[PDB]
Amino acid sequence: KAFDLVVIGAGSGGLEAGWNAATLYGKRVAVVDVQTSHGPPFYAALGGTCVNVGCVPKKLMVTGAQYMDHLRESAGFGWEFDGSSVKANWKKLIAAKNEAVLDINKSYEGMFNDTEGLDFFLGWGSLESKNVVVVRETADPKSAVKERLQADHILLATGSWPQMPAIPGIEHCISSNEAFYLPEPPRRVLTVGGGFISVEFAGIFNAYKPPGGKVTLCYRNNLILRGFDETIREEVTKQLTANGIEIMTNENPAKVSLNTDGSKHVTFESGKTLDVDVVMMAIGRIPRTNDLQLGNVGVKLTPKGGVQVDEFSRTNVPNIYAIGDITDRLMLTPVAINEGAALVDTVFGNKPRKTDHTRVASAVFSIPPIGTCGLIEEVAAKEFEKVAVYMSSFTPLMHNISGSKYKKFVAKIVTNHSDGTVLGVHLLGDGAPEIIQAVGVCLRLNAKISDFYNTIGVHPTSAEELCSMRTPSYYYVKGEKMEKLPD
Amino acid sequence: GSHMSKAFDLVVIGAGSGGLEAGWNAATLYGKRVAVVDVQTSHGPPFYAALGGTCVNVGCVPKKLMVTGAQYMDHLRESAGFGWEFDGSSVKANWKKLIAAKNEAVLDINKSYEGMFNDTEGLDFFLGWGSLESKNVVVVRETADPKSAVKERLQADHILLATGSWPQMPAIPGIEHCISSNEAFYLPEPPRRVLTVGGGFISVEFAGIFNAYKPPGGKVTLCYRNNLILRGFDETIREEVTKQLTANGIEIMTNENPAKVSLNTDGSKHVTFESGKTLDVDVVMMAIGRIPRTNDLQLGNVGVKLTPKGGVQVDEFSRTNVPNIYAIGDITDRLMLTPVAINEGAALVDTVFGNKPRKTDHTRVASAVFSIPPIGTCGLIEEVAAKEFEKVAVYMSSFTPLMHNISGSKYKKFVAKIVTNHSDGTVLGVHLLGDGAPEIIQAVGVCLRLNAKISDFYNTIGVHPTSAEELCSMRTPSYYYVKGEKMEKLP
Ligand SMILES: Cc1cc2nc3c(=O)[nH]c(=O)nc-3n(C[C@H](O)[C@H](O)[C@H](O)COP(=O)(O)OP(=O)(O)OC[C@H]3O[C@@H](n4cnc5c(N)ncnc54)[C@H](O)[C@@H]3O)c2cc1C
Ligand SMILES: Cc1cc2nc3c(=O)[nH]c(=O)nc-3n(C[C@H](O)[C@H](O)[C@H](O)COP(=O)(O)OP(=O)(O)OC[C@H]3O[C@@H](n4cnc5c(N)ncnc54)[C@H](O)[C@@H]3O)c2cc1C
Ligand SMILES: CC1=Nc2ccc(Cl)cc2[C@H](c2ccc(C)cc2)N1CCCN(C)C
Ligand SMILES: CC1=Nc2ccc(Cl)cc2[C@H](c2ccc(C)cc2)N1CCCN(C)C
Ligand SMILES: [Br-]
Ligand SMILES: [Br-]
Ligand SMILES: [Cl-]
Ligand SMILES: [Cl-]
């Protein structure tokens with residue numbers, strides 16, 4: 001049939017837009033995805049990347065990995081139990097995660113089936129013409145058409161996909177996709193990449209690895225988590241090392257060979273070599289545009305392969321929109337959901353709305369985790385004459401007792417020292433992702449450092465640290481780091 | 001001949017949250033000469049509080065350490081949903097190790113504060129009992145008995161009363177067989193059966209502590225003379241906390257109040273309630289309230305007025321009716337929180353010795369209850385708001401988070417409620433129940449001070465997946481109050 005809206009990708013942005021157009025605006029909506037539930041072959045499915053092979057299962061898996069620390073840290077508080085009897089049962093973790101995600105998948109299929117004007121189609125969506133979306137049996141554009149759907153408006157929301165550098169032996173590497181489904185936890189694992197997916201998985205593998213296992217994270221440059229606070233980048237490196245992960249910086253895989261026993265022989269540019277059981281590539285994610293046959297309608301793509309869009313998510317083709325990771329901007333679920341919601345409000349509501357991509361709070365579920373919102377100081381120092389940095393870094397007391405003395409909580413506030421405006425807030429330590437959330441609200445309210453400092457703390461918490469800092473630890477004046485102001 | 005009393009700009013009586021903040025600030029920021037008096041240099045019996053105050057010694061610090069210990073009961077159990085396997089029959093909660101570790105941690109804090117006296121010019125510690133001999137004289141005596149030997153007589157230009165509060169022990173037959181939180185911190189063994197009397201945070205929190213470390217066959221019961229524990233808190237939370245305590249094995253006796261306590265021949269306590277009901281327990285912990293500790297200060301020597309409920313009466317700037325005599329923290333019987341005593345102390349010193357007169361804002365103070373799971377709260381509860389504003393909106397989110405479907409603790413509903421003035425969207429109160437509530441709430445305190453509106457919460461992009469993001473995905477009230485009266489839709 002014909003629809004007010006055809007959504008290609010039943011994911012975070014897609015389902016927001018679909019649901020809202022159907023239920024808030026009474027529109028006739030079609031949503032297409034390649035799989036109704038999670039896992040191989042296509043990994044992402046109804047619900048999106050986040051639901052199936054993204055935020056949801058990884059958070060459960062990190063939650064899982066945290067018990068490594070919990071069991072050990074209990075002793076400090078008088079918990080006694082046979083430490084030798086402890087086993088991290090990965091099969092059980094994945095089965096529980098699988099079931100949890102399947103319930104979300106099922107619960108998305110229910111909502112299609114219960115909601116009028118919102119119909120879901122199985123298969124591969126592509127652009128046949130301006131107002132025509134074809135549904136094929138496979139990603140092969142030569143595969144059998146299942147449906148041809150006329151659409152007043154077409155939304156592209158196909159997310160992203162692991163980027164696999166074209167080094168020899170790349171086919172012996174897995175991405176995050178396959179990591180969610182490993183039948184056994186790897187004894188030795190290389191995670192390639194210094195970004196959050198590699199860091200998060202290195203923490204998960206570290207907790208579930210068999211006896212004598214080793215997790216190694218490698219990263220091509222000097223310091224992992226580029227784009228994050230630098231004190232936090234250094235400190236999380238120390239804390240991952242402290243919990244037995246090897247971080248190989250300035251290293252990059254040049255070749256992966258398959259050993260006959262199924263293990264991988266990794267050769268680095270340096271000529272260094274490492275043998276692991278699993279090489280997980282987590283060096284980036286790229287917009288998922290190949291399969292859309294955008295050539296058919298001339299929808300422009302940026303150098304990076306992302307669908308170009310303006311602030312209202314319009315592509316160059318009128319009635320054709322793109323939101324979410326396909327647009328290659330901020331790759332976060334709540335950003336994609338917001339874009340989706342705003343798009344529907346502009347196309348079917350009376351008031352345009354554009355997503356604000358600044359001051360977005362985000363988290364790394366590393367162990368220990370990171371919460372951050374707004375500018376890191378080096379970016380701050382480039383756009384503001386006077387930047388002040390308030391920093392606190394204390395091993396919390398519970399951790400002196402737990403035995404995890406390396407677990408410093410880091411709290412940094414970055415300000416425009418000229419007016420006191422908070423430019424960004426950066427945290428490392430348990431609760432960092434929870435803490436940062438309302439920080440994000442504060443920045444929308446042009447919070448100044450005196451607003452944080454004059455708020456009464458909640459005690460005892462790590463969070464109160466943010467309401468306890470009134471003197472900068474150091475400044476940037478004209479891009480220049482210095483402990484004191486000049487004059 | 002005669003010789004000179006040690007003289008100070010400021011004498012602080014009570015080396016606690018409030019006193020130390022004031023003491024330190026007057027000395028290190030305004031170069032004042034500051035005496036601080038407390039009755040013990042380190043934690044524990046006989047006087048329990050000590051250098052560092054209630055918080056350090058027998059309050060926030062040791063209780064948080066103990067709640068953290070208590071949380072492992074839940075972690076060890078919940079770990080199994082995530083594939084952790086171990087021999088659950090080898091599991092034992094060793095209370096003595098908990099308390100020994102907690103004692104070491106508190107002792108390092110005590111030592112650390114003593115070093116800080118030792119190292120800081122113009123900031124002097126005096127061990128003993130502080131009382132007001134006259135308007136500008138603080139005497140320090142050997143014991144709380146106003147007839148014990150005067151150890152030191154201090155000349156003081158300004159006197160800060162910062163003696164905190166103390167547990168209220170109801171005048172019942174056999175009160176002497178009961179304890180307070182003070183003693184809970186030093187019990188040589190974990191009680192097998194305990195009654196925590198009180199519906200407020202300290203009873204709720206210690207109920208969870210006792211519950212986690214109690215020996216085999218133990219039972220923790222909490223009683224409260226009223227209908228619903230945690231008066232002052234959001235009602236959905238109060239009822240959820242009650243359910244989640246029960247789910248965790250704590251017996252909640254509401255509408256019950258002890259009338260007397262007798263010692264059984266085996267040394268256990270036989271509690272009879274007003275209603276005739278009875279309970280035997282090993283420990284009865286009274287946590288029905290804390291009262292301002294005004295009794296030993298001999299305030300009648302200088303005529304410092306008490307409120308009819310017994311705090312030192314102060315104005316917004318912490319002044320008593322007596323010039324140069326001030327009072328901050330629990331002695332004023334306002335909000336009994338550490339960061340508030342601290343805020344009062346700094347604001348007092350700024351006003352008296354700095355050039356920055358300032359008063360504490362006692363509204364929109366975030367606070368926490370370390371139940372398991374905890375409560376994080378800031379600002380007005382809806383029933384209070386409804387009395388002050390014509391249109392109140394309530395936005396509420398509730399649900400067992402996913403991790404807890406997998407962990408198995410499905411009773412563990414996260415509750416998030418935002419209370420607004422519906423006439424301009426201004427957030428009046430935010431109320432959280434669930435893991436990390438205390439951490440979440442802190443920046444929410446900053447939001448309230450910036451007069452955030454629900455539209456600012458809603459406009460903010462969620463951090464995913466967190467519990468906190470619930471606060472930024474609520475756009476439509478669950479219900480309203482329209483002049484006092486609840487309804488799901490406006491008229
Ligand atoms: C391992 C990992 C961890 C992550 N963690 C977080 C996190 O903690 N927090 C956070 O905010 N973000 C996280 N992300 C990012 C988040 O998953 C994405 O930002 C988000 O899912 C993007 O939503 P989307 O709507 O752009 O696309 P998606 O949610 O990816 O949806 C794309 C959908 O389109 C479907 N599709 C693709 N091609 C076609 C086709 N041609 N026809 C029909 N259907 C098609 C796919 O099957 C998929 O279901 C994580 C990502 C990964 C990979
Ligand atoms: C079990 C428990 C748990 C608590 N948990 C928290 C929590 O999690 N968060 C929070 O914010 N608050 C908590 N509180 C409250 C917090 O401890 C108090 O609000 C705060 O300590 C009050 O500060 P203060 O300066 O008024 O007094 P205090 O810190 O109590 O200090 C008063 C000091 O005066 C000394 N003193 C008393 N009389 C004399 C005398 N005549 N001469 C010399 N010295 C004297 C005492 O020995 C004491 O050290 C808790 C309290 C209790 C009892
Ligand atoms: C508003 C909304 N937004 C979404 C954004 C991203 C994802 Cl991955 C999912 C949603 C869900 C949702 C649920 C079912 C359908 C068919 C579409 C969207 N959804 C519906 C919310 C369910 N509600 C009853 C509590
Ligand atoms: C500013 C301040 N406020 C307090 C409020 C309540 C308490 Cl319990 C403690 C403090 C501490 C403190 C510690 C020791 C002394 C002698 C004074 C103040 N304190 C000083 C902290 C020292 N700082 C340099 C790490
Ligand atoms: Br009571
Ligand atoms: Br009541
Ligand atoms: Cl396994
Ligand atoms: Cl890399």
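Values below: all heavy atoms of this structure, side chains included; hydrogens, waters and symmetry mates excluded. Just so you know, ligand 1 is whichever comes first in the structure, and atom 1 is the first atom listed for that ligand. Numbers restart at 1 for each chain; the letters A, B, ... are given by sequence-line order, proteins then strands.
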Next on the checklist: Between B:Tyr224 and B:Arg231, does the side-chain contact (heavy atoms from CB on, under 4.5 Å) criterion hold? Intermediate values first, please.
Outcome noted: CA-CA 10 Å; B:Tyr224 175 55; B:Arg231 175 163 293 206; 3.2 Å; yes

Considering the heavy atoms of [X], write down every atom of ligand 2 situated less than 4.0 Å from one of them.
{"X": "B:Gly59", "result": "2 (C), 3 (C), 4 (C), 52 (C)"}
{"X": "B:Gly329", "result": "26 (O)"}
{"X": "B:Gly128", "result": "42 (N), 43 (C)"}
{"X": "A:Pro460", "result": "8 (O)"}
{"X": "A:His459", "result": "7 (C), 8 (O), 9 (N), 10 (C), 11 (O)"}
{"X": "B:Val58", "result": "1 (C), 53 (C)"}
{"X": "B:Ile13", "result": "40 (C), 42 (N), 43 (C)"}
{"X": "B:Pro339", "result": "11 (O)"}

If I apply the N/O under 3.5 Å rule, does [X] come out as touching ligand 2?
{"X": "B:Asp296", "result": "no"}
{"X": "B:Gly18", "result": "yes"}
{"X": "B:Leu297", "result": "no"}
{"X": "B:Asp38", "result": "yes"}
{"X": "B:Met336", "result": "yes"}

Item to check | Salt bridge B:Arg33-B:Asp9, side-chain N to carboxylate O under 4.0 Å | outcome: no

Next on the checklist: Closer than 4.0 angstrom, basic N to acidic O: yes or no for B:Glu205 and B:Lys63?
Outcome noted: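 Yes, B:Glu205 and B:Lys63 are salt-bridged.
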
Give the contacting part of [X] toward ligand 2: side chain, backbone, both or neither, where contact means a heavy-atom distance below 4.0 Å.
{"X": "B:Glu205", "value": "neither"}
{"X": "B:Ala341", "value": "side chain"}
{"X": "B:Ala50", "value": "backbone"}
{"X": "B:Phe201", "value": "side chain"}
{"X": "B:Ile202", "value": "side chain"}
{"X": "B:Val340", "value": "neither"}
{"X": "B:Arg293", "value": "side chain"}

Item to check | Side-chain donor-acceptor contact under 3.5 Å, B:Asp87 with A:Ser85 | outcome: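 The criterion, which ignores hydrogens and geometry beyond distance, is not satisfied for A:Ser85 and B:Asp87.
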
Next on the checklist: For a quick check under 3.5 Å, do B:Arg290 and B:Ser165 share a side-chain donor-acceptor pair by atom type?
Outcome noted: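 On atom types as modelled, these side chains qualify, holding a pair under 3.5 Å.
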
Nearest protein heavy-atom contact for [atom]: which residue, which atom, what distance?
{"atom": "atom 16 (C) of ligand 4", "answer": "B:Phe117 CE1, 3.4 Å"}
{"atom": "atom 14 (N) of ligand 2", "answer": "B:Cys60 SG, 3.9 Å"}
{"atom": "atom 24 (C) of ligand 4", "answer": "B:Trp24 CZ2, 4.2 Å"}
{"atom": "atom 3 (N) of ligand 4", "answer": "B:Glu21 OE1, 2.4 Å"}
{"atom": "atom 20 (C) of ligand 2", "answer": "B:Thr338 OG1, 3.4 Å"}

Checklist entry - So with a 6.0 Å cut-off around NZ of B:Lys6, is the heavy-atom count from everything else above 12? => result no

Checklist entry - Considering all protein heavy atoms, does one lie under 4.0 Å from atom 8 (Cl) of ligand 4? => result yes

Checklist entry - Would you say atom 14 (C) of ligand 4 touches the protein, meaning some protein heavy atom is under 4.0 Å from it? => result yes

Checklist entry - Hey, does B:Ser17 sit under 4.0 Å from ligand 4 if you only count heavy atoms? => result yes

Checklist entry - Touching ligand 4 at all, B:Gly23? Heavy atoms, strictly under 4.0 Å? => result no

Checklist entry - Using 30° and 60° as the class limits, which term best fits the ring planes of B:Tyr326 and B:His158: parallel, tilted or perpendicular? => result parallel

Item to check | Identity of the nearest option to atom 8 (O) of ligand 2, non-hydrogen atoms only, from B:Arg290, B:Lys63, B:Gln298, B:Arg141 | outcome: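 Of the listed residues, B:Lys63 has the closest heavy atom.
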
Checklist entry - When you measure from atom 12 (C) of ligand 4 to each heavy atom in B:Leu20, B:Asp124, B:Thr120, B:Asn25, which option holds the nearest one? => result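 The nearest heavy atom belongs to B:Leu20.
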
Item to check | Results of side-chain contact (heavy atoms from CB on, under 4.5 Å) for B:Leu20 - residues two or more places apart only | outcome: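 Once residues adjacent in sequence are excluded, the partners of B:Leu20 under the side-chain contact (heavy atoms from CB on, under 4.5 Å) criterion are B:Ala15, B:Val36, B:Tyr113, B:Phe117.
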
Item to check | side-chain contact (heavy atoms from CB on, under 4.5 Å) involving B:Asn110 - partner list, sequence neighbours excluded | outcome: B:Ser42, B:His43, B:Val56, B:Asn57, B:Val106, B:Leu107

Next on the checklist: If the contact criterion is a heavy-atom separation under 4.0 Å, does B:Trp166 count as touching ligand 2?
Outcome noted: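 Under 4.0 Å: no for B:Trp166.
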
